[PDB]
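Below is one structure, written out as structure tokens, with a few remarks after it.
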Number of protein chains: 2
Amino acid sequence: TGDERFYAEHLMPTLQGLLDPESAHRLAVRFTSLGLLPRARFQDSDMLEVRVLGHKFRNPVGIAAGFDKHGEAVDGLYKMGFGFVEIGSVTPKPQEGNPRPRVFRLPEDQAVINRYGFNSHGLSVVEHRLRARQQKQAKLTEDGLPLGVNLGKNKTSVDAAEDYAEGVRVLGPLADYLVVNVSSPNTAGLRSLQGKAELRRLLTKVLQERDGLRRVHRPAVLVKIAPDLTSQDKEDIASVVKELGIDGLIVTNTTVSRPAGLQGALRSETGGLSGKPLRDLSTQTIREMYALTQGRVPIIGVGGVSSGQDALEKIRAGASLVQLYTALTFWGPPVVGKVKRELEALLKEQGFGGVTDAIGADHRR
Amino acid sequence: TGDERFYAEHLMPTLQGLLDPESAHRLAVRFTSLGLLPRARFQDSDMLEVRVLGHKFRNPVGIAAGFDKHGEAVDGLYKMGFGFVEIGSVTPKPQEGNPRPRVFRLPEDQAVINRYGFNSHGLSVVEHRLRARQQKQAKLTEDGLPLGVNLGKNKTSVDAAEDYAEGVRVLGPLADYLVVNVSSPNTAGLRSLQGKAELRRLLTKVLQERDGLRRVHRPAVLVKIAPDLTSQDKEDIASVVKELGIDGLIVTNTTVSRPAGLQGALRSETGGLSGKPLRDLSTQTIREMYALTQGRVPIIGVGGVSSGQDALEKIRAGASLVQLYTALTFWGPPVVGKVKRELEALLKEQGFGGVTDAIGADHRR
Ligand SMILES: Cc1cc2nc3c(=O)[nH]c(=O)nc-3n(C[C@H](O)[C@H](O)[C@H](O)COP(=O)(O)O)c2cc1C
Ligand SMILES: Cc1cc2nc3c(=O)[nH]c(=O)nc-3n(C[C@H](O)[C@H](O)[C@H](O)COP(=O)(O)O)c2cc1C
Ligand SMILES: CC[C@@H](C)c1ccc(-c2nc3ccc(Br)cc3c(C(=O)O)c2C)cc1
Ligand SMILES: CC[C@@H](C)c1ccc(-c2nc3ccc(Br)cc3c(C(=O)O)c2C)cc1
Ligand SMILES: CCCCCCCCCCC[N+](C)(C)[O-]
Ligand SMILES: CCCCCCCCCCC[N+](C)(C)[O-]
Ligand SMILES: O=C(O)c1cc(=O)[nH]c(=O)[nH]1
Ligand SMILES: O=C(O)c1cc(=O)[nH]c(=O)[nH]1
């Protein structure tokens, strides 16, 4: 907590004052991958353990996709205290993404707007990087620290479904779960894959490919959705998920909306908005998807989590696990232990024996 | 905290299971007014004290209008640990309000929908009730526990401005601050008084009447606004407030919106929605009004506050004081001490010397 205060009040604001956010991002990935951070002090208690998606998670707090896009910092992220790590999005071929600048801080809103556009080292590079530590990961996974891989589509792809199928074939065998990212606001036409008929065709193909993998190399498949869906869109997704036996949902990606009240000078930049202004939009989307799937489909809740209260609100709304990203950029590494310690305190205060007991609790009130 | 858990987990859910919400409301007012609650244990520290609106507030946590509509429970509310009490809305003549049922719980959303329609004992009854304890209130106020009076308009009023003027004349001399409630979603035509030209005419008249009161009986005047305003509406309110020297704003009343994701069976009932689903809508409205008024106009922040984090988010967005109501209905009296204790902890954790230092802090980031 002295550490928490030092990072939040001194170190992070200073780094943000010195570097543009993309440079700071690159440096953070480098520092994390070199293990230069001291190992997090918080010791995960048994009440934080969750069993879902065919795996044990030592704690329910993960790092969201987009921080480690290319799988370079996975071990340093576990060292920070994350219960699970998701890398990506990874596209089949390497691609540069959008021209710079393409990421913007909104400090007054504790938010970020990004339009990276799936900058990716590509499947082949990431495959080799993961293969180099594959057995180390197998041990981590067995110890309750799973790895997720988030798949995207190349900008010039003439067949979206084949892009995702290729990712299943190449990175599926290296992942505990795969995410079909059909919700980036930064690749033209992508979010239209959330529509009923596309989504059914796409996910049938993804699931066929996944089912074709050898048993020990067969990941769970999750779909990551936008916070900007119509009620019709959400009903349709819920129906397809149940029809096909999709293993879970990630709720939500960034928003293309700009909520009333944003103060940052850069609020009108094109891109997806993340952080505090997204928080309750995400929570409400979790609540809706949990109800539509009858609580039978595991949800990873993401968007604006920066405290134990934020985490518990998403868990009570229906999330089995949560992720954060934007909070790390403002508060630094100590935010992980902060969220975990506050979550444990609140679980006890509200009479929950553990995280598992709190999942979807608001729906039973 | 054992008390907190008993109320939240046992007592309150049991009362809610036994009584319709209007009956429970009536019983709560009666019990509070009889002092039947034990006096709250939390001792207000100096870091919670705020000086604003020409008064000292021992702590920044108030009870919002609509709980004690007729000024029957003011002393019992201070006993609960509220730093200030707001009664009302009070209409010039007595009126029954809407037919029953007119209030609805949404337990799955931690929300309420109400359409009371300004049920009021009227000015004359409330005047006598306040006069009976006027000197007791003068001492409370001097000790840092001010009283606000919220004014409404009768359903059949042929002249809204004169309704508010009458309230200023009759209850102004008994109040530390008055609130011109132009934001009830439950009286036809009322919210149109938020428009620039009406509002200017109305508030000029209110301020003239207030200025006509003797110095020691001259209250601050605040305007309470909706969370459903357009950007144009908010710009216009900010402009009128500065043009006329209005003393403060109360942000916000209940919403006529129904955010995506509401789960309660009663979500489609007509009325204003309060509680958790309103929280971030309110916070964003505070953020916007603070910026539009350059931080020079005190804001009382209200909508979905049930924790110290909720309170601090509104303070950092620009609120000098906060109020709650809906949280009390789910968590009971211990929620007041809970909010205060958590707020104090968070202020220390974030390096604020006191509440005053945190006011509008997000705008300086
Ligand atoms: C800079 C940045 C890059 C991102 N890249 C990706 C990505 O490649 N794939 C993806 O599925 N989500 C991506 N996201 C979205 C996050 O995974 C997460 O859904 C979103 O930011 C909400 O969480 P937060 O508010 O905690 O940041 C990115 C977010 C940010 C801020
Ligand atoms: C049952 C009920 C009655 C209310 N009556 C009034 C009222 O008479 N005047 C008023 O200005 N606001 C009234 N409100 C609004 C509250 O003062 C407050 O602005 C709103 O409920 C948001 O706060 P909360 O989420 O903490 O309840 C009422 C709210 C509720 C739930
Ligand atoms: C790994 C070192 C710690 C101290 C660290 C953590 C996060 C950051 C950081 N990461 C970002 C990632 C993505 C984006 Br977009 C922005 C950042 C920023 C930033 O806001 O500049 C920071 C500081 C920098 C350093
Ligand atoms: C004053 C006694 C304490 C224990 C108490 C506090 C609040 C309530 C209460 N107040 C309400 C006020 C307005 C509305 Br609308 C509803 C309530 C409810 C309720 O949800 O039924 C309660 C329980 C009941 C008892
Ligand atoms: C036309 C060239 C396409 C190759 C794309 C390059 C890989 C993506 C760039 C990510 C940034 N990087 C970490 C390499 O510096
Ligand atoms: C036509 C009769 C108008 C008189 C209105 C009565 C006062 C408002 C009712 C509030 C409920 N009460 C607390 C009295 O039971
Ligand atoms: O690469 C990006 O632009 C990106 C992808 C994504 O899924 N979400 C996001 O906010 N940005
Ligand atoms: O009496 C009511 O109906 C009422 C008034 C008000 O200002 N706000 C509200 O939600 N209800």
Side-chain angles (χ1 to χ4, degrees), chain A residues 7 11-34 36-37 66-67 69-70 72-73 76-77 80 91 93-97 102-105 107 112-114 116 118-122 125 274 325-326 328-335, chain B residues 21-22 25 63-67 69 86-91 97 102-103 110-120 150-152 179 181-184 186 224 226-227 250-255 271-279 282 300 302-306 310 322-329:
Chain A
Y7 274 76
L11 188 43
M12 302 305 294
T14 300
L15 292 168
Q16 292 183 313
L18 294 179
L19 298 153
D20 68 283
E22 187 170 345
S23 299
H25 184 188
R26 298 176 65 78
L27 175 153
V29 168
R30 190 79 187 117
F31 261 65
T32 299
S33 66
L34 297 173
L36 294 180
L37 279 95
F67 174 78
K69 278 172 173 279
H70 329 291
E72 297 167 295
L77 293 160
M80 278 199 211
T91 60
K93 301 172 165 329
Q95 62 174 38
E96 282 286 329
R102 51 193 181 172
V103 69
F104 307 93
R105 291 195 200 92
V112 168
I113 289 166
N114 87 88
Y116 267 115
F118 284 163
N119 57 306
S120 178
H121 291 179
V125 165
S274 65
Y325 181 176
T326 299
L328 185 65
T329 78
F330 290 102
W331 316 122
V335 82
Chain B
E22 187 170 345
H25 184 188
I63 176 70
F67 174 78
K69 278 172 173 279
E86 188 174 310
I87 67 160
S89 295
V90 190
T91 60
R102 51 193 181 172
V103 69
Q110 296 167 51
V112 168
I113 289 166
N114 87 88
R115 48 168 183 268
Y116 267 115
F118 284 163
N119 57 306
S120 178
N150 183 305
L151 301 174
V179 186
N181 187 9
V182 293
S183 55
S184 179
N186 303 320
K224 180 162 182 182
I250 301 195
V251 184
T252 64
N253 216 308
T254 55
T255 182
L273 174 73
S274 65
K276 193 154 79 143
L278 171 62
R279 183 185 62 205
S282 171
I300 302 182
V302 48
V305 172
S306 66
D310 300 342
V322 302
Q323 302 170 319
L324 58 84
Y325 181 176
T326 299
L328 185 65
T329 78

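For ligands, and for the atoms within them, numbers begin at 1 and follow the listed sequence. Below, chains carry the letters A, B, ... as their sequence lines are ordered, and counting in each starts from 1. Excluded from the calculations below are hydrogen atoms, water molecules and symmetry mates; all remaining heavy atoms, backbone and side chain alike, are included.
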Does A:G332 have a heavy atom less than 4.0 Å from any atom of ligand 3? no

Just which atoms of ligand 2 are under 4.0 Å from any heavy atom in [X]?
X	result
B:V302	18 (C), 19 (O), 22 (C), 23 (O)
B:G304	24 (P), 25 (O), 26 (O)
B:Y116	1 (C)
B:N181	9 (N), 10 (C), 11 (O)

Report yes if some N/O of [X] lies less than 3.5 Å from some N/O of ligand 2; otherwise report no.
X	value
B:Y325	yes
B:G275	yes
B:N150	yes
B:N114	no
B:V103	no
B:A65	yes
B:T254	no

Could you find the nearest protein heavy atom to [atom] and give me its residue, atom name and distance?
atom	value
atom 24 (C) of ligand 3	A:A28 CB, 3.5 Å
atom 16 (C) of ligand 3	A:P21 O, 3.6 Å
atom 19 (O) of ligand 2	B:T252 O, 3.0 Å
atom 27 (O) of ligand 2	B:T326 OG1, 2.6 Å
atom 6 (C) of ligand 2	B:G66 CA, 3.5 Å
atom 22 (C) of ligand 3	A:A24 CB, 3.8 Å
atom 31 (C) of ligand 2	B:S274 OG, 3.5 Å
atom 15 (Br) of ligand 3	A:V103 CG2, 3.3 Å
atom 9 (N) of ligand 2	B:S89 OG, 2.9 Å
atom 23 (C) of ligand 3	A:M12 CE, 3.5 Å
atom 1 (C) of ligand 3	A:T32 OG1, 3.2 Å

Given that the side chain starts at C-beta and the backbone is N, CA, C, O, which of these parts of [X] lies under 4.0 Å from ligand 2, counting heavy atoms, or is it both or neither?
X	result
B:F67	neither
B:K224	side chain
B:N253	both
B:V179	neither
B:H25	neither

Any idea how B:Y325 and B:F67 line up, ring-wise: parallel (<30°), tilted (30 to 60°), or perpendicular (>60°)? perpendicular

Can you spot which of A:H25, A:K69, A:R102 makes a side-chain hydrogen bond (donor to acceptor under 3.5 Å, both in side chains) with A:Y116? A:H25

May I ask you to identify, for [X], whether its side chain, its backbone, both or neither come under 4.0 Å of ligand 3 on a heavy-atom basis?
X	result
A:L37	side chain
A:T329	both
A:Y325	side chain
A:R105	side chain

First locate atom [atom1] of [X], then atom [atom2] of [Y], and finally report the distance between them rounded to the nearest 0.5 Å.
X	Y	atom1	atom2	answer
B:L328	B:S306	CG	OG	11.5 Å
B:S184	B:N253	OG	CG	6.0 Å
A:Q16	A:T329	CD	OG1	6.0 Å

Would a 4.5 Å heavy-atom cut-off, applied to side chains only, mark A:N119 and A:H70 as touching? yes

Write out each pair where an N or O from ligand 5 and one from the protein are under 3.5 Å apart, with the distance.
{"unit_1": "ligand 5", "atom_1": "12 (N)", "unit_2": "A:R26", "atom_2": "NH1", "d": "3.4"}
{"unit_1": "ligand 5", "atom_1": "15 (O)", "unit_2": "A:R26", "atom_2": "NH1", "d": "2.7"}
{"unit_1": "ligand 5", "atom_1": "15 (O)", "unit_2": "A:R26", "atom_2": "NH2", "d": "2.9"}

Would you indicate which of B:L278, B:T91, B:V305 comes nearest to atom 22 (C) of ligand 2 when only heavy atoms are counted? B:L278

